[PDB]
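Take a look at this single chain, the form deposited in one PDB entry, given in structure tokens.
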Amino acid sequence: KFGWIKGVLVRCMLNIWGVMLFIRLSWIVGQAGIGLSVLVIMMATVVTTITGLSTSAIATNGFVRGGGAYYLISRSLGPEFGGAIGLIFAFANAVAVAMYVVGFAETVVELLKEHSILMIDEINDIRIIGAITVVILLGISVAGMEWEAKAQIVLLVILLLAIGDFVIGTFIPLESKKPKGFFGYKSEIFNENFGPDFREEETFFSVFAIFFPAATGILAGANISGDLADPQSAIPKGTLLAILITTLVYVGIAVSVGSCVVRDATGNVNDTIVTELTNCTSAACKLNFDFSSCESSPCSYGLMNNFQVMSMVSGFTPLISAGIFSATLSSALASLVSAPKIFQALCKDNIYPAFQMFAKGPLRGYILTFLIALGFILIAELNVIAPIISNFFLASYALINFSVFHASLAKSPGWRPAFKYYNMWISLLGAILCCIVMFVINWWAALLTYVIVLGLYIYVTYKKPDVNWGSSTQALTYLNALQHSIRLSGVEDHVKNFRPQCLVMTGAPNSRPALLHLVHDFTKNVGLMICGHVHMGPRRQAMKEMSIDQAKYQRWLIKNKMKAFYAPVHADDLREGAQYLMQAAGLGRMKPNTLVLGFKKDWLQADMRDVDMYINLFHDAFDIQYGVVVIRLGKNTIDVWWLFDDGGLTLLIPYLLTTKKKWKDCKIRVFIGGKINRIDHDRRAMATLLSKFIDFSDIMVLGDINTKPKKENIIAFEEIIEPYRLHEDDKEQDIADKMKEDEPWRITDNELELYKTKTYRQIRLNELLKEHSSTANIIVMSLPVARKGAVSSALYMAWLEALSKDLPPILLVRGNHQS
């Protein structure tokens, strides 16, 4: 709504123009020459303008919401890059507050000192002034924000008036100021000052580090507003014009003041000499006064001895002092307002669990910024505070540049910048340049910040995959999931690599959570697991019914650490819903390949037409070549049994179960029955086969299964199966037919006589399980197959019941006959 001139340009100029303009720029152009100071300014401008290009490319995506720098970085790029940059930038602003207020306090200290007033000491006076100013600025930061927009332009015009006052006063040389080194545009002085004169321990990159804060603040200005009209258009123009204007002004002032004042001089109005020109080495040869003592012994005034040379050279000192005040305070306030906001946004997004508290809306953010600022203000020296802010802001800018380059390098799903002059290789160059300069200024601090950065990046990317942590950009999650699924579909598995992709169908999802938990146990990071539910009734209400049920069951599953996808369906009967889930559900390679059906607990009482369709589900699944699993219900062991191996799924499942922590204590015992003569050969061959795939200790072989079982179990079988026996032998054929055609689902007696052997052997198998595997936590066998049409459903399920009569947890697993 603001526009761009009042929304970015003004904000960026007031954030950029800070302490260094009117305090250390003279000192910097004194230490180094005009040439290397201009090179310093150009280096800073190059770093800031490359970062400006990267930011403009960031801000031209369609994600234009919220209104905060961290918001743009997080929503356009990954959450982890967003979090890292947000935290580091928040800290950088928290310390920049201290820098600006310390500069202001130093100015007030000197201003009082030149007068009669004074306090206990310079350093302690700086501490007191900085603390009180920080208190006042924070107090303003939460109340007077309704006036900052009005006062913004006033501050900028006052700052510009101060710059104009300095430049105008430059052109008016006076004899009063001449002792202090202010001569005025003399080619001898320009020649003297053009060369480096690093006097104290400082070097090139020390002055570069002390100056860089003169160019930091491009993001802090406008991007954090994000409430502009057409943010896709305000930011790229505003930032890239603010940078140009500020750099031009900096270079102009540097060259001018370097060409206007001599390196060091004293305030002695005497010392004027015209007597001799013996040496006249100094650039003050016109007079030369007696600055030889100044260069040989300590002297107060000069270019380097005192930093407020701009105050003296100016025509009017109150105006330039007001300029310094405004330049420091505006940027201090901007930083102290932009740090807690990022802290609060980070807390709300809850990227870092330690920072999960927002103080009920953001006392935590203000308290952190205040404590960091006050802690650093206790250092009352500015040439030692400037480098650490330089390091933190180079860290932020390097991270932004590399993040943009990386999001472009990997064709990220939601990275279409739509900007001109944004080549990603330039961004990579900016990143490496920032890192190298960070290291050259101070290698160990750069190392420390970068290990912190890498730790944060890895921690966020990997150690937090669970809930997405309040990410409003669930659209980016959708895009990433779509890309992942597309990539998986593209990858064609010539070898199927059969993984457990279950389709668990039970009816009421919450009736038997035990089956779901057991399925969870062997479906951890190995394959898919889709629930199922067929909903009967009119479609009009059913639409709302599944609309609610999908949500309710999916988050009920999620809260149980369940990787469950709910797949509700509407059908005229259970079999139709089974078919719908069976043939359609599953995208690309995530196609379910196993059907896990919950066993009927009380089929005795329920009408057995339902039994018929529940059993026909087995044939329907088999006809499509689905592995069939049926379930019925650490301290003990496990038992695995089978009569055949078709794909090894029956053997593979317990291996998957044991690998988990809960079942780690449990152990698998092999339980089979083979030829009595070939017990040793079969045992050795199967032990070798298992070893080829899985440790084992014992292999029980029960080759006696062929003979008839005990009388009691057989009897119980007949008193189980009698009610639906055809009675074809007992009744008359034609008389029986009147029941057969209208009741064709009766237990086929002819099958009973034909399948006596199957009944006997399966009953004996159940018995042997009873004696042997009673103590096992869970038992596993191969699910018997009854051919369609040849065998009635009722007989098959009677066989199943006899197989699973009064036993601990029991599973029946048959593979799909595919390797």
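In case it trips you up, residue 1 is the first one in the sequence shown, and so on.
This protein has a second form, the form solved in complex with a small molecule, left out of what is shown; the following refers to that one.
In summary, the region of this chain contacting the small molecule in the deposited bound form, judged by heavy atoms within 4.5 Å and restricted to 620 to 628, 671 to 679, 370 to 378, 212 to 220, corresponds to 212 to 220. Looking at the small molecule in the deposited bound form, residues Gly83, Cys347 and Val460 place no heavy atom within 4.5 Å of it. Although the partner is absent here, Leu795 is not a contact residue: none of its heavy atoms lies within 4.5 angstroms of the small molecule in the deposited bound form. Although the partner is absent here, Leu651 is not a contact residue: none of its heavy atoms lies within 4.5 angstroms of the small molecule in the deposited bound form. Although the partner is absent here, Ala407 sits far enough away that none of its heavy atoms falls within 4.5 Å of the small molecule in the deposited bound form.
A residue is said to contact a partner when one of its heavy atoms sits within 4.5 Å of a partner heavy atom; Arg24 meets this definition for the small molecule in the deposited bound form. Residue-level contacts in the deposited bound form: of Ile73, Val102, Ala398, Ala265, one residue has a heavy atom within 4.5 Å of the small molecule, and it is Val102. With the partner removed from view, the residue among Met20, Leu800, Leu811, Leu9 that has a non-hydrogen atom within 4.5 Å of the small molecule in the deposited bound form turns out to be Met20.
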